[PDB]
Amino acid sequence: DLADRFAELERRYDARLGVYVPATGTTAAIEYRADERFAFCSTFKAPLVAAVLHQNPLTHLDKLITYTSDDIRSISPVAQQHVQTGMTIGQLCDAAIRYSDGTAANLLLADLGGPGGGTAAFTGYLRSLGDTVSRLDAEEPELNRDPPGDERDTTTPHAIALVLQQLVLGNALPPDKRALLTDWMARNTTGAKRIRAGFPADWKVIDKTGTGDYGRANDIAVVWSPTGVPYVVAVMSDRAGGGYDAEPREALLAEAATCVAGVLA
């Protein structure tokens, strides 16, 4: 009967809440709008880094990439400060995950190559991981402002949680590459008020946030209980009824994570 509390949070925040938690040997899966489509936003930056790491040897992280002023089309708090110096693949992976750097994600997508600047190649990496519903059709910041009902650049809480499970807890990556992604998400600096704020301090939380227009605000995370049991939590939400200028509500994601924590205790 956890769907009642989730439905009450939707009424309180005027939002559509989507929550999925994969099942464990001891607990059942938590599902609220798990198979509904929400916008990817910056949450695609976590499997994108894994895609770059998967198709390249570890030595590729030192390849320097140079870009111009016209490449910075969205908020890039790190790419903005290295236009003259350039950036390696590893620095692009660090900025895309920890600071949600918009330009870093577009260069990482271009590093994947192929049509669409790497969007079709990234979606192919999800299909190889069993993901059958997610899709990425544009770059930043276009993928954030898709109209409601448009299935472009959307995923499901059920789909993105399984992808995050194989990248961190599964064997989709070797231990050396998987340890790089886990450390990057563990030091994320944009999710202090989302899933991290809903879980107690003794719980470990690595995450990658995502914000867009129409009040969109998601956060995919892997949590560790104080005893050490790992759970994957996928929380996504939008407020498309409020319009394009709808303000996201980070408290809804923090409140939903507090509901999930009581069930996982």
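If you superpose the two forms and keep the largest set of C-alpha atoms that fall within 1.5 Å, you have the rigid core. Start at 1 with the first residue shown and count on from there.
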Practice prompt. Consider 128 to 136 and 83 to 91 separately and indicate which one has Cα atoms farther, on average, from the shown form in 6 other deposited structures of this protein after rigid core alignment.
Written response: 83 to 91
Discussion item. Using only C-alpha atoms and the B-factors in the entry, which stretch averages higher, 191 to 199 or 114 to 122?
Written reply: 114 to 122
Worksheet, complete the sentence: Binned into thirds over the chain's modelled residues, the C-alpha B-factor of residue 40 lands in the lowest
Worksheet item: Which third of the chain holds residue 261 when residues are ordered by C-alpha B factor: lowest, middle or highest?
Response: lowest
Item to complete: Please place residue 58 in the lowest, middle or highest third of its chain by C-alpha B factor as given in the entry.
Response: highest
Worksheet item: For residue 158, does the deposited CA B-factor place it in the lowest, middle or highest third of the chain?
Response: lowest
Discussion item. Can you tell me whether residue 247 has a C-alpha B-factor in the lowest, middle or highest third compared with the other modelled residues of the same chain?
Written reply: middle
